[PDB]
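Quick mapping for you: the protein sequence lines, in order, are chains A and B.
Using the authors' numbering, the letters of the first sequence correspond one by one to residues -1 to 63, 71 to 552.
Using the authors' numbering, the letters of the second sequence correspond one by one to residues 5 to 88, 93 to 212, 232 to 428.
Cβ coordinates follow ideal geometry from the N, Cα and C atoms, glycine included.
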Amino acid sequence: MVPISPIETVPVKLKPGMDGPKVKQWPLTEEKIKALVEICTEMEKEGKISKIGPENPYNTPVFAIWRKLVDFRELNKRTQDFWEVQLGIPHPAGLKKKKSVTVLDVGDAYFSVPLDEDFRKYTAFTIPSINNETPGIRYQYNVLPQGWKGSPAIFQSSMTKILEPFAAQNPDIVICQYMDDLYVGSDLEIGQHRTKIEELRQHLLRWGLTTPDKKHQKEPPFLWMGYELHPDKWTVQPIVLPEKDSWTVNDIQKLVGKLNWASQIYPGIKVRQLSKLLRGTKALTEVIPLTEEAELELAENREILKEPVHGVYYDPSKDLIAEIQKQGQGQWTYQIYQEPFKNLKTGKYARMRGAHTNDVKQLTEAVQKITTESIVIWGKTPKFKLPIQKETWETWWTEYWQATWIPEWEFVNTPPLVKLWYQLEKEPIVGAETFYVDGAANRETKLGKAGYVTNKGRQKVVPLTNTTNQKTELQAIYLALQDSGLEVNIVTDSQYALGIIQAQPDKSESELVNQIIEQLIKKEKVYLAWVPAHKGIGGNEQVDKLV
Amino acid sequence: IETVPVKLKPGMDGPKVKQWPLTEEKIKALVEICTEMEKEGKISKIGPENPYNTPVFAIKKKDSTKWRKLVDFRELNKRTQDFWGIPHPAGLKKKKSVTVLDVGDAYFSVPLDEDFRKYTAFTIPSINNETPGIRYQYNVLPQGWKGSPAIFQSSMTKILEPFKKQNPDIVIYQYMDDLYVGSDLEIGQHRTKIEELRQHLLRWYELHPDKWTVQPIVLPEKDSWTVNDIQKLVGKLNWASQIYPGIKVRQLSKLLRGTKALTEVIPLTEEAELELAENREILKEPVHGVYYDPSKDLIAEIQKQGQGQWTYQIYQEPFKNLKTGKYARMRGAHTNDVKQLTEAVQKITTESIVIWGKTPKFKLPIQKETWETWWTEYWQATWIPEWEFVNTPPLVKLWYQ
Ligand SMILES: C=CC(=O)Nc1cc(Oc2ccccc2OCCn2ccc(=O)[nH]c2=O)c(C)c2cc(C#N)ccc12
């Protein structure tokens, strides 16, 4: 016998202060008991488990479905935490094309790696006896049990330590590990590649690990985690938008699932309306009628999902590009590619929950998202193509009160272009009328007034019902914008209004703010000045609106 | 060569902080650096039985192309037991000059307590999550951990004993991986003395706090005031009345009676000139009842002023500034707001370390996603402060300009 190299065990403990599991074994039928006795007899003959005496106080239930199924949920609750290395799956767009590629599933994955001996006593389980007239057969696991908390992490670390020297001494190939399957790729000739695959099977055999003696039953295209991996391209598994007479909540969540998943390769997928119909529902069976916006959006989704679209693999020798387009209503779409018309991947970005916004902030956020995703997938920041003029960006970031930055980018003239819709003056305007505005409301009756007095003697006061102080301050500014020329100075004491306008929104939830924005867009020059209230500043007429 | 027992605070587990994504060149730099450290025994690979993690990345300090490994030990620092203390040298800020030295290598010769090593675990990430991350744990005192200067304090005292006994006029302070050396010599004599101290430490950053002062609130001096000038003046004085008691604005607001054009010149009355003069006198004095409390946090606020100019205030209670400043330095960041902000945060944290011996909590005028995306690209210090994000534009910005 050729000596098998031992696999070093991982020392495992339980959570602090806790004890091993002690669960009552379920009564099983005679058939199930016989089946489990046969299975456990074979496993004991193979060495996966071993019989134990009555000293072991711990017990974990067992089932037969024959196949043995041990329910480790309690021991999983009581087992220590491990470093789970499977967080975020490798994206196909990050893979690098290889001439020859092989997939090797390892046989008896968890059952070929030994368990820490001091921990084996917590894996104890009993097989009930026929008519329960004898003590049940007691067993404990000697290897990593399927379903136990620590099996995937310990198996992955052991496999990594075993594969380390082979990968080190074979730099002309690439090896990757995922669950119970290994992916080996190389640009060598098919003969050299199959040879090195044999060398890998031998290296794994030196530790007592079994590889397919037959030809590997997995050949391209590979269907993996909703993906289609082809020798030269990748895509998503087919996305079919069904025809429904009435769409319920689960049908809409299925649709937004297929659309969110399909959006990573299909450019232009919109999910704003279909997900908007799910806002504040919390009912899985509630039927929600489709708005015409959601029907048109679904029609465009069917028009995009008509014929299949594929993505290419990553080539590190070519530059990485990411192009952004505005879609409207806070929707943005982007393509990441290295050659024109050949996308590595695509995606979308929806604006955050806010009361005021503008397009430049949303574009900035989308850029940050694409940057982080690209660093995850490819390890570098792409060069951007953005629908915004260099002059627009310079004016924005130079005049914006917050610090902001976009990585290297260039302008692409693909409408609709992001622009600045208005710009307030830095100094008062000579020759422009000065509107002193104010508004005030009663907290009980919700009655208020908003108006202005100007330096030319122009005046106005308007009474309002069902209003607040903030609403009347905004309304006063709005009246000044309505009744003034193309150039106007506006004096207010509202820290609220100044806080809103100084954030420079081009779209808002409040219709009053949006009306103010529409007025500002029509003006040539606007200087907005602030003064303290109730300080005796003439012109600032708090008494005129408190009547 | 003898490990000192170190534990965590009662009821607190080890740090479990997600490692953020890194570019390829930073990953390679960390692979080479950590390979060398493993050959030196400073770190060792660990298995999956270690669930703890602390983020790691790579920087390039000043005047150097070699990469450096930076570990974000903030969580482990706040979860590590309090070590005890030495009173802060209140004369370090008074000294004419201070030089900062990186004594981080000295920590790597002292072993780390066995049972504690598993809490210093970090992960070198892989691109696209292809291969598992390379997990390490420290065997010696790590740079960036607050326990490293506390443990090495005795050895550092023994090493710096001859130099301290030689020059009683030189102040020496230690914070994390940095040694602050203050004196009153000439720049050349200071540099030769710093070389003397570095070769003194070998066989075993020009700062000038004297050129820094606290900034008063100043008012314009004009011969002709417009309506806008007087309105802004009244706003600034009304804001300053929150800090200074006797500020009075009624005689200046009396000039604004009537609805006049913003650009119209208004002559000041005699009562308004007297009021403005009294306000100047009030503003020339320091703030009433402003003290430092070592039991409270320091808060630093930064405002972007444009044209590469930035303002900041360090306080503990609102309107009770302990320090104010204006950083306008231009150093290869002319076209990048985030790099400027990052250098400003580093300078303010340095001044805070010199003055009080601890780092402040920043309020940054930047969106969270932008800052957290880009700040590690321009970081050059060995410590990291805490920060929050300001999303509403503060009105008082121009009152600090
Ligand atoms: C970390 C991620 C990773 O390695 N993922 C994967 C890699 C892989 O092959 C490679 C193995 C070694 C190096 C690069 C590889 O692919 C480069 C791109 N590529 C992909 C397909 C193909 O035919 N030709 C081609 O060049 C295969 C076959 C995979 C199969 C499954 C299934 N089921 C799931 C994931 C796979």
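- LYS103/A and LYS390/A have their C-alpha atoms some 29 Å from each other.
- Interface flag for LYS101/B against chain A is unset, since no Cβ pair is found closer than 9 Å.
- Taking 7 Å as the Cβ-Cβ cut-off, the region 277 to 288 of chain B approaches chain A at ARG277, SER280, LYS281, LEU283, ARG284, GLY285, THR286, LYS287 and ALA288, given in chain order.
- A Cβ of chain A is located within less than 9 Å of the beta carbon of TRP398/B.
- If the five residues before and after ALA33/B are omitted, its C-beta is found closer than 7 Å to the C-beta atoms of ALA62 and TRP71, all from its own chain and listed in chain order.
- Looking at the backbone, the Cα of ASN137/A and that of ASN54/A are separated by about 19 Å.
- Of the candidates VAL442/A, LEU92/A and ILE393/A, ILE393/A places its Cα closest to the Cα of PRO420/A.
- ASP177/A has its Cβ no nearer than 8 Å to any heavy atom of ligand 1.
- At a Cβ-Cβ threshold of 9 Å, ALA267/A and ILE274/A count as neighbours.
- Taking 9 Å as the Cβ-Cβ cut-off, the region 81 to 105 of chain A approaches chain B at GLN85, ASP86, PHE87, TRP88, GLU89, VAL90, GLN91, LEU92, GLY93, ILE94, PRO95, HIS96, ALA98, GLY99 and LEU100, given in chain order.
- If you ignore the 5 residues before and after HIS221/A, its C-beta comes within less than 7 Å of the C-beta of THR107, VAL108 and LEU109, all in its own chain and listed in chain order.
- Inclusion of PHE227/A in the 8 Å shell around ligand 1 follows from its C-beta lying nearer than that to a non-hydrogen atom of the ligand.
- At least one heavy atom of ligand 1 sits closer than 8 Å to the Cβ of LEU100/A.
- At least one C-beta of chain A is nearer than 9 Å to the C-beta of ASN54/B.
- In its chain, beyond the 5 residues on either side, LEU391 and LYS395 have a beta carbon closer than 6 Å to the beta carbon of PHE416/B.
- Among the CB atoms of chain B, one or more fall inside 9 Å of the CB of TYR532/A.
- The beta carbon of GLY51/B falls within 9 Å of a beta carbon belonging to chain A, placing the residue at that interface.
- As DSSP reads the structure, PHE87/A sits in no beta bridge.
- A direct Cα-Cα distance of roughly 25 Å separates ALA455/A from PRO420/B.
- With contacts defined as CB atoms closer than 9 Å, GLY462/A and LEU283/B fail to qualify as a contacting pair.
- At a cut-off of 9 Å between beta-carbon atoms, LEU503/A makes contact with chain B.
- Your pair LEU295/A and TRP252/A checks out as a contact, with CB atoms roughly 6 Å apart and the cut at 8 Å.
- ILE393/B carries a strand assignment under DSSP once its states are collapsed to helix, strand and coil.
- Within the model, the alpha-carbon separation for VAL254/B versus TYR441/A is close to 12 Å.
- Contact residues of the region 521 to 545 of chain A toward chain B are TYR532, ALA534, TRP535, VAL536, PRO537, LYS540, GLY541, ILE542, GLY543, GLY544 and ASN545 (C-beta to C-beta distance below 9 Å).
- In this structure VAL148/B touches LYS46/B by the C-beta definition: roughly 5 Å separates them, less than 8 Å.
- Between the beta-carbon of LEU246/A and that of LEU260/A there is about 7 Å, and that keeps the pair under the 8 Å contact cut.
- For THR200/A, the enclosing alpha helix (DSSP H) starts and ends at 195 to 210.
- Counting only Cβ-Cβ distances below 8 Å, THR403/B has no contacts in chain A at all, with the closest Cβ about 11 Å away.
- Bounds of any alpha helix (DSSP H) do not take in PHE346/B, whose DSSP letter is neither H nor E.
- Interface annotation, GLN373/A: in contact with chain B, CB-CB separation under 9 Å.
- For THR369/A, the nearest CB of chain B lies under 9 Å from its own CB, placing it at the interface with that chain.
- Around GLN145/B, the same chain offers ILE47, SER48, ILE50, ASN54, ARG125, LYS126, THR128 and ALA129 as residues with beta carbons nearer than 7 Å, after the five sequence neighbours per side are excluded.
- DSSP, read as helix, strand or coil, puts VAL536/A in coil.
- The continuous alpha helix (DSSP H) containing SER156/B extends over residues 155 to 159.
- Relative to ligand 1, even the nearest heavy atom lies 8 Å or more away from the CB of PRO157/B.
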